[PDB]
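Below is one structure, written out as structure tokens; comments come after it.
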Amino acid sequence: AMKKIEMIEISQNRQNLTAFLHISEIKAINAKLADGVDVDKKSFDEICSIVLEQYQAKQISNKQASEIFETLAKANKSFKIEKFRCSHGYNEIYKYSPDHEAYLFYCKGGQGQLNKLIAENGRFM
């Protein structure tokens, strides 16, 4: 019983992996999918797309989609790098620097400034 917001977050915060699903997991997901769908030689983004579309139209159950997304979250542990981070106790916003592989102080502000920066520059690298 995972919410669709959590399914979408799993689909959005992880890198698009290929050949990341052991055949065990691909047949287990195929058993939990509609229309003969076969997840194999399919990317992480493609599988998440398939499952979310199959879930919006009530083709698969919430428990099934949630189990599939749990298997996907277990398989794909390659998270995207967030472009910004915010420390709410210090009211500071940091920006990831590829040239330092670290988060550097960027500006002052809280969640509102963070969301404005995300809308203007993107959430991920």
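Atoms considered below: every heavy atom in the structure, side chains included; atoms not considered: hydrogens, waters and symmetry mates. Along the sequence shown, residues are numbered consecutively beginning with 1.
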Give every donor-acceptor pair under 3.5 Å between a side-chain atom in residues 28-36 and any protein atom, sequence neighbours left out.
residue: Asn30; atom: OD1; partner: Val39; partner atom: N; Å: 2.7
residue: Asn30; atom: ND2; partner: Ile26; partner atom: O; Å: 2.9
residue: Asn30; atom: ND2; partner: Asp38; partner atom: OD1; Å: 2.6

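- In this structure, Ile118 belongs to a hydrophobic cluster whose other members, linked by side-chain heavy atoms under 4.5 Å apart, are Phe84, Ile93, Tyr106, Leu114, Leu117.
- Listed here is the closest heavy atom pair of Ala73 and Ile10: CB-CD1, 3.9 Å.
- Put simply, CE on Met2 and CE on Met7 are 7.5 Å apart, with the number rounded to the nearest 0.5 Å.
- Looking at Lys58, its side chain never comes within 3.5 Å of a backbone N or O of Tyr55 through a donor-acceptor pair.
- Summarising the local packing, NZ of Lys80 is surrounded by more than 12 heavy atoms from other residues, nucleotides or ligands at distances under 6.0 Å.
- Here the side chain of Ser66 pairs no donor or acceptor atom with the backbone of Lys63 at under 3.5 angstrom.
- Within 6.0 Å of CZ in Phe79 there are more than 12 heavy atoms belonging to other residues, nucleotides or ligands.
- Screening residues 87-107 for salt bridge (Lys or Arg N to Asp or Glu O under 4.0 Å) gives no qualifying pairs among residues at least two apart or on separate chains.
- Pairs of residues two or more places apart, or lying in two chains, that qualify as salt bridge (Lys or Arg N to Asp or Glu O under 4.0 Å) and include a residue from residues 105-125 are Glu9-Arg123, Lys116-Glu120.
- Using a 4.5 Å heavy-atom cutoff, the side chains of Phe69 and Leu52 are in contact.
- The ring-ring contact (aromatic ring centres under 6.0 Å, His included) check on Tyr96 picks up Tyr103, with sequence neighbours excluded.
- Listed by chain and number, the residues in a side chain to side chain contact (heavy atoms under 4.5 Å, CB included) with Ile5 are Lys3 (sequence neighbours excluded).
- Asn76 places no side-chain N or O within 3.5 Å of a backbone atom of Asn16 that could act as its donor or acceptor partner.
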